[PDB]
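Just one chain follows, in the form deposited in one PDB entry, and it is written as structure tokens.
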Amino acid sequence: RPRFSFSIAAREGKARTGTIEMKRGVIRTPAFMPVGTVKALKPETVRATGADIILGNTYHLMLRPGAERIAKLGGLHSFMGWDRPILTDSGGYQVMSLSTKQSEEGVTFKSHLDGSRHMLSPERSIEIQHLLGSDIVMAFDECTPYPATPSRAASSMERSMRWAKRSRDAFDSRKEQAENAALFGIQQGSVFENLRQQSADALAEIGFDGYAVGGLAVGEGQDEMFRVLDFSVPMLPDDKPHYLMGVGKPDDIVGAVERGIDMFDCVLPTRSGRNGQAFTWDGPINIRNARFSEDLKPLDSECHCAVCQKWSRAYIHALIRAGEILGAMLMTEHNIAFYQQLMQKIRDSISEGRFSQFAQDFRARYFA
């Protein structure tokens, strides 16, 4: 297989379906990436749900067990037992939310677990992702809060573009990484169309294997997110994958695909699983609710996952109520499987030129 090849097989409006070919496997797009361990699931179970690629959280791995240790033990794929592609984030987002002194060189921060001091820069982020053995590497950027003034959004976007060039050069300096992995750049600019355009222009001049739309899902609400995607995604190179970071709910995903997004990740299906929220085609349910205590139906009436084949709502209700590990295992398997089934229906409907109708039918039932 090639290092990286994105092929578009079918289109409907702004929506696309296709494949990314990488050395460790093929990724069907639009794709949902479960976030990693993928909590409460063995890798074989994650694969059985249909996932082609998972996301590794760089910030957590660099604190424990550490990037150098993972490299010494053979890299992240070997360590956790997932042999398909892994996308790693840059680590910078969780620094600004979980761990600080920022500068043009990077950020220094104290670990939220031990108070130990750490450093992240474009160069060190790319190095850590190399040590983990990531297949898709994210450029290191600077986050813009919401809301942001135009001056603040411009300053952070401009720094992010300088850091994108440093990320590109760091990635390219490392022969093994340049030859075997891919590098994605991140568009910034908050809700401002001129800043998004300047960011897209800068990233395309540098050149990346794919382009993320950054700075969304930070509190702006779905209407505003869709409005920004409306003008932002067409600014990115059409022939490369478009990645919406940190999104999201099923209806967010459908609307984002309608606007040209190809890749998604979020902790929602996993985090919601342990919390009691199960996704169904008729909307989410909270399995902890007393109304499910004697409900013999599966979590979802149509879902093909192994949980819905075997166990009832009533049983999963009792497990989650009791705080049993198996309740988290089953809820998470179902939720990840539901997301993969959603992505499959999206890919099929685009391939068949009926995605617009699918999106209408999905929303009508999901919000009935």
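Residue positions are given as counts along the sequence shown, with the first one as 1.
According to the PDB entry, the deposited sequence contains 1 to 3 residues between residue 99 and residue 100 that lack coordinates. The gap between residue 43 and residue 44 holds no unmodelled residues of the deposited sequence. Looking at mean Cα B-factors across 318-326 and 25-33, the upper value is held by 318-326. Comparing 161-169 with 276-284, the higher mean C-alpha B-factor in the PDB entry belongs to 276-284. The top Cα temperature factor in the record, among 307, 53, 48, 61, falls on 61.
You'll see in the entry that, of 252, 294, 220, 209, the Cα B factor peaks at 220. Ranked within its chain, residue 114 lands in the highest third, by CA B factor from the PDB record. Residue 340 sits in the lowest third of its chain by CA B factor, as recorded in the PDB entry. Compared with the other modelled residues of the chain, the Cα B-factor recorded for residue 69 ranks in the middle third. Sort the chain's modelled residues by C-alpha temperature factor and residue 186 lands in the lowest third, per the entry. In this PDB entry, the Cα temperature factor of residue 104 sits in the top third of its chain's modelled residues, the highest group.
One more form of this protein, solved in complex with a small molecule, exists but is not displayed; see below.
Taken together, the three residues 20, 135 and 177 lack any non-hydrogen atom within 4.5 angstroms of the small molecule in the deposited bound form.
Across the options 286-294, 245-253, 164-172, 230-238, residues that bring heavy atoms within 4.5 Å of the small molecule in the deposited bound form belong to 245-253. In the deposited bound form, the small molecule lies farther than 4.5 Å from every heavy atom of residue 258.
At a distance threshold of 4.5 angstroms between non-hydrogen atoms, residue 93 is in contact with the small molecule in the deposited bound form. Using a 4.5 angstroms limit between non-hydrogen atoms, residue 209 is distant from the small molecule in the deposited bound form. At least one heavy atom of residue 87 is located within 4.5 Å of the small molecule in the deposited bound form. Residue-level contacts in the deposited bound form: of 216, 278, 183, 263, one residue has a heavy atom within 4.5 Å of the small molecule, and it is 216.
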